[PDB]
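Coordinates from protein.txt are shown below (compact mmCIF, C-alpha atoms and all ligand atoms).
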```txt
# COMPACT_ATOMS: atom_id res chain seq x y z
CA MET B 1 -5.11 -31.10 37.37
CA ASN B 2 -2.34 -32.92 39.25
CA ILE B 3 -0.51 -32.79 42.61
CA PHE B 4 1.70 -29.88 41.42
CA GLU B 5 -1.21 -27.70 40.22
CA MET B 6 -3.21 -28.73 43.30
CA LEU B 7 -0.55 -27.66 45.82
CA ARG B 8 0.16 -24.51 43.77
CA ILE B 9 -3.49 -23.56 44.32
CA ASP B 10 -3.45 -24.41 48.03
CA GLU B 11 -0.06 -22.85 48.88
CA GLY B 12 0.24 -19.95 46.41
CA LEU B 13 3.58 -18.60 45.24
CA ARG B 14 5.54 -15.90 47.03
CA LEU B 15 9.17 -15.10 46.20
CA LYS B 16 10.01 -13.31 49.45
CA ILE B 17 10.09 -14.87 52.95
CA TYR B 18 6.57 -14.83 54.43
CA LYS B 19 4.80 -16.38 57.42
CA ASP B 20 2.59 -19.42 56.84
CA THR B 21 -0.84 -20.02 58.45
CA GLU B 22 0.87 -21.10 61.71
CA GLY B 23 3.13 -18.01 61.71
CA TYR B 24 6.27 -19.86 60.55
CA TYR B 25 8.78 -18.42 58.10
CA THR B 26 8.18 -19.90 54.66
CA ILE B 27 9.06 -19.18 51.01
CA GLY B 28 7.99 -20.09 47.46
CA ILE B 29 5.19 -22.61 47.19
CA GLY B 30 4.74 -23.37 50.89
CA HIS B 31 8.38 -24.26 51.57
CA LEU B 32 8.65 -24.15 55.38
CA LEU B 33 12.03 -22.72 56.39
CA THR B 34 11.94 -22.97 60.19
CA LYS B 35 9.67 -22.86 63.22
CA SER B 36 12.11 -20.42 64.85
CA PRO B 37 10.85 -16.86 65.46
CA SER B 38 14.24 -15.60 64.23
CA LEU B 39 14.11 -14.11 60.73
CA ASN B 40 17.90 -14.53 60.60
CA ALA B 41 17.50 -18.25 61.29
CA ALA B 42 14.92 -18.41 58.46
CA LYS B 43 17.30 -16.60 56.09
CA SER B 44 20.07 -19.06 56.99
CA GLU B 45 17.79 -21.99 56.15
CA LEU B 46 16.86 -20.31 52.86
CA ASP B 47 20.48 -19.81 51.80
CA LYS B 48 21.25 -23.46 52.66
CA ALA B 49 18.16 -24.64 50.71
CA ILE B 50 19.07 -22.62 47.60
CA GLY B 51 22.87 -22.82 47.74
CA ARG B 52 23.54 -19.09 47.61
CA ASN B 53 23.46 -15.98 49.78
CA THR B 54 19.91 -14.72 49.08
CA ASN B 55 18.32 -11.44 50.20
CA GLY B 56 15.30 -13.35 51.61
CA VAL B 57 14.25 -13.33 47.93
CA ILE B 58 14.33 -16.12 45.35
CA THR B 59 13.41 -16.50 41.67
CA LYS B 60 10.37 -18.36 40.34
CA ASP B 61 12.66 -21.08 38.96
CA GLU B 62 14.20 -21.47 42.42
CA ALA B 63 10.77 -21.59 44.06
CA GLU B 64 9.72 -24.33 41.63
CA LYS B 65 12.95 -26.27 42.25
CA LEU B 66 12.27 -26.34 46.00
CA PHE B 67 8.65 -27.24 45.28
CA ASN B 68 9.59 -30.29 43.20
CA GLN B 69 11.98 -31.40 45.95
CA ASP B 70 9.25 -30.96 48.55
CA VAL B 71 6.71 -32.97 46.53
CA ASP B 72 9.36 -35.70 46.21
CA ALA B 73 10.05 -35.58 49.95
CA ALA B 74 6.31 -35.98 50.69
CA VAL B 75 5.98 -39.07 48.47
CA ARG B 76 9.22 -40.42 50.04
CA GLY B 77 7.84 -39.86 53.54
CA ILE B 78 4.64 -41.72 52.69
CA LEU B 79 6.43 -44.68 51.12
CA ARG B 80 8.82 -45.04 54.09
CA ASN B 81 6.07 -44.84 56.69
CA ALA B 82 4.52 -48.15 57.79
CA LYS B 83 1.13 -46.55 58.51
CA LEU B 84 0.89 -44.39 55.37
CA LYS B 85 2.30 -46.69 52.69
CA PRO B 86 -0.47 -49.36 52.66
CA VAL B 87 -3.19 -46.68 52.54
CA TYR B 88 -1.37 -44.83 49.75
CA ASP B 89 -0.89 -48.09 47.81
CA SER B 90 -4.62 -48.80 48.18
CA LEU B 91 -5.70 -45.48 46.63
CA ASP B 92 -6.38 -44.34 43.06
CA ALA B 93 -4.12 -41.60 41.62
CA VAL B 94 -6.53 -38.71 42.40
CA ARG B 95 -6.86 -39.69 46.09
CA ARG B 96 -3.10 -40.29 46.25
CA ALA B 97 -2.74 -36.57 45.42
CA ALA B 98 -4.94 -35.73 48.44
CA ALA B 99 -2.62 -37.82 50.66
CA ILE B 100 0.47 -36.05 49.29
CA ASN B 101 -1.25 -32.71 49.91
CA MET B 102 -1.84 -33.52 53.60
CA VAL B 103 1.75 -34.74 54.09
CA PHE B 104 3.08 -31.63 52.34
CA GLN B 105 1.12 -29.43 54.77
CA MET B 106 1.53 -31.24 58.11
CA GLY B 107 4.34 -33.79 57.68
CA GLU B 108 4.40 -37.60 57.70
CA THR B 109 4.08 -37.90 61.50
CA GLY B 110 1.01 -35.62 61.61
CA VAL B 111 -0.78 -37.52 58.85
CA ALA B 112 0.15 -40.94 60.32
CA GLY B 113 -1.76 -39.83 63.46
CA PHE B 114 -5.03 -39.83 61.52
CA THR B 115 -5.28 -43.58 62.34
CA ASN B 116 -9.06 -43.90 62.11
CA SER B 117 -9.35 -41.77 58.94
CA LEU B 118 -6.58 -43.85 57.33
CA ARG B 119 -8.43 -47.07 58.12
CA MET B 120 -11.66 -45.71 56.61
CA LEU B 121 -9.75 -44.59 53.50
CA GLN B 122 -8.21 -48.04 53.10
CA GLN B 123 -11.73 -49.55 53.47
CA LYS B 124 -12.97 -47.09 50.83
CA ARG B 125 -15.65 -45.78 53.19
CA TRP B 126 -15.44 -42.36 51.57
CA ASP B 127 -18.25 -40.46 53.30
CA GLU B 128 -17.23 -41.86 56.70
CA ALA B 129 -13.56 -41.01 56.06
CA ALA B 130 -14.59 -37.47 55.02
CA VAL B 131 -16.57 -36.95 58.24
CA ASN B 132 -13.69 -38.27 60.36
CA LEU B 133 -11.03 -36.17 58.57
CA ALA B 134 -12.96 -33.00 59.40
CA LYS B 135 -12.83 -33.78 63.16
CA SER B 136 -9.32 -32.35 63.44
CA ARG B 137 -7.29 -29.30 64.37
CA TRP B 138 -6.32 -29.38 60.68
CA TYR B 139 -9.88 -28.82 59.44
CA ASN B 140 -10.61 -26.21 62.10
CA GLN B 141 -7.50 -24.14 61.40
CA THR B 142 -7.56 -24.37 57.57
CA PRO B 143 -11.18 -25.26 56.75
CA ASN B 144 -11.34 -24.11 53.11
CA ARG B 145 -8.18 -26.00 52.11
CA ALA B 146 -9.13 -29.02 54.23
CA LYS B 147 -12.57 -29.02 52.58
CA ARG B 148 -10.93 -29.19 49.14
CA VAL B 149 -8.64 -32.04 50.18
CA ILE B 150 -11.50 -33.93 51.90
CA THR B 151 -13.74 -33.50 48.82
CA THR B 152 -10.90 -35.03 46.79
CA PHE B 153 -10.79 -38.01 49.18
CA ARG B 154 -14.58 -38.27 49.20
CA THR B 155 -15.14 -38.19 45.42
CA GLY B 156 -11.88 -39.25 43.74
CA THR B 157 -12.40 -36.27 41.42
CA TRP B 158 -10.75 -32.86 41.03
CA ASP B 159 -14.11 -31.09 41.41
CA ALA B 160 -12.92 -29.01 44.39
CA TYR B 161 -10.07 -27.56 42.27
CA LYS B 162 -11.78 -27.07 38.88
CA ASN B 163 -13.12 -23.55 39.56
CA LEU B 164 -9.64 -22.53 40.76
CL CL J 201 -10.10 -20.16 49.83
```

As structure tokens, please, write out the structure in this file.
Ligand SMILES: [Cl-]
Amino acid sequence: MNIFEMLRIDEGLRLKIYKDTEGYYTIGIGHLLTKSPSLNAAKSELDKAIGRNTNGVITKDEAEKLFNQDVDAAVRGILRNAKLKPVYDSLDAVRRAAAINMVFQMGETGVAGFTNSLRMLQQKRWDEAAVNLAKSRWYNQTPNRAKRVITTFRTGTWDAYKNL
């Protein structure tokens, strides 16, 4: 298991434009295109992302290319953020994956707002951090995925992803 396999499990893979859990146009492995309700606007973003005039449809190779870029962007966002970087630096590689997962799903700004959870993670108060993380719109809206990510933070193991 690793961050790529982890996010592949959590996001799935779809080669045609679809709507994510919030109703936003998305493609591939959870690549958000736009928050606009316009499918045309989504298609425009897709073509710009891929570098060709698509039919709202991409190849697996293209989906994986975007995915790698998005994983990179998440790590980049963490390392450039004053609130996220020290917590990330403080973590083991398994828990680092959980942090990347959250940033991939909700963005750097959203994750940086988990101030109290972040503090508990940096203190390595795993059970307390887990309890705090679950007190969120995030957990309520995507509880099964959030449970997996929280279990990863709680245990520093891949146990939540091993049956998957
Ligand atoms: Cl599930």

Considering all atoms listed in the file, return as an NGL selection string whatever protein or nucleic-acid residues lie within 12 Å of residue 89 in chain B, sequence-local ones (same chain, fewer than 5 positions apart) excluded. :B and (75 or 78-84 or 95-97 or 99 or 118 or 121-122)

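Taking all atoms listed in the file into account, ligand CL 201 (chain J) lies nearest to B:142 out of the set B:157, B:142, B:152, B:55.
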
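CA of residue 107 in chain B sits 15.2 Å away from CA of residue 139 in chain B.
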
Using only C-alpha atoms and all ligand atoms for the distances, tell me which of B:85, B:91, B:161, B:29 is nearest to ligand CL 201 (chain J). B:161

Protein, DNA and RNA residues within 12 Å of (16.0, -17.2, 61.3), only C-alpha atoms, as a list in words: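 Residues with an atom at most 12 Å from (16.0, -17.2, 61.3): residues 17, 18, 19, 24, 25, 26, 32, 33, 34, 35, 36, 37, 38, 39, 40, 41, 42, 43, 44, 45, 46, 47, 48 and 56 of chain B.
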
As a compact mmCIF listing (two decimals), keeping the file's coordinate frame, please: range 143-155 of chain B completed to N, CA, C and O atoms.
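Result file selection_21.txt:
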```
# COMPACT_ATOMS: atom_id res chain seq x y z
N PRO B 143 -9.98 -24.54 57.23
CA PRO B 143 -11.18 -25.26 56.75
C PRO B 143 -11.37 -25.23 55.23
O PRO B 143 -11.78 -26.25 54.67
N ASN B 144 -11.09 -24.12 54.55
CA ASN B 144 -11.34 -24.11 53.11
C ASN B 144 -10.41 -25.06 52.35
O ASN B 144 -10.86 -25.79 51.46
N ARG B 145 -9.14 -25.07 52.73
CA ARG B 145 -8.18 -26.00 52.11
C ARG B 145 -8.50 -27.45 52.48
O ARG B 145 -8.48 -28.36 51.63
N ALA B 146 -8.79 -27.67 53.76
CA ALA B 146 -9.13 -29.02 54.23
C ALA B 146 -10.38 -29.53 53.52
O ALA B 146 -10.45 -30.70 53.12
N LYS B 147 -11.36 -28.65 53.33
CA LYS B 147 -12.57 -29.02 52.58
C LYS B 147 -12.25 -29.50 51.17
O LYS B 147 -12.82 -30.49 50.70
N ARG B 148 -11.33 -28.80 50.49
CA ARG B 148 -10.93 -29.19 49.14
C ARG B 148 -10.29 -30.57 49.16
O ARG B 148 -10.60 -31.43 48.33
N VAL B 149 -9.38 -30.78 50.10
CA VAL B 149 -8.64 -32.04 50.18
C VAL B 149 -9.60 -33.18 50.54
O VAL B 149 -9.57 -34.24 49.93
N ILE B 150 -10.48 -32.94 51.51
CA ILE B 150 -11.50 -33.93 51.90
C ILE B 150 -12.45 -34.27 50.75
O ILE B 150 -12.78 -35.44 50.54
N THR B 151 -12.89 -33.25 50.00
CA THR B 151 -13.74 -33.50 48.82
C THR B 151 -13.03 -34.40 47.80
O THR B 151 -13.65 -35.26 47.18
N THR B 152 -11.73 -34.20 47.67
CA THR B 152 -10.90 -35.03 46.79
C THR B 152 -10.88 -36.48 47.29
O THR B 152 -11.03 -37.42 46.49
N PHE B 153 -10.71 -36.67 48.60
CA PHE B 153 -10.79 -38.01 49.18
C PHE B 153 -12.19 -38.60 49.04
O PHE B 153 -12.34 -39.80 48.86
N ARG B 154 -13.21 -37.76 49.19
CA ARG B 154 -14.58 -38.27 49.20
C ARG B 154 -15.01 -38.75 47.82
O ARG B 154 -15.66 -39.79 47.70
N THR B 155 -14.61 -38.00 46.78
CA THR B 155 -15.14 -38.19 45.42
C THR B 155 -14.19 -38.88 44.44
O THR B 155 -14.63 -39.46 43.44
```
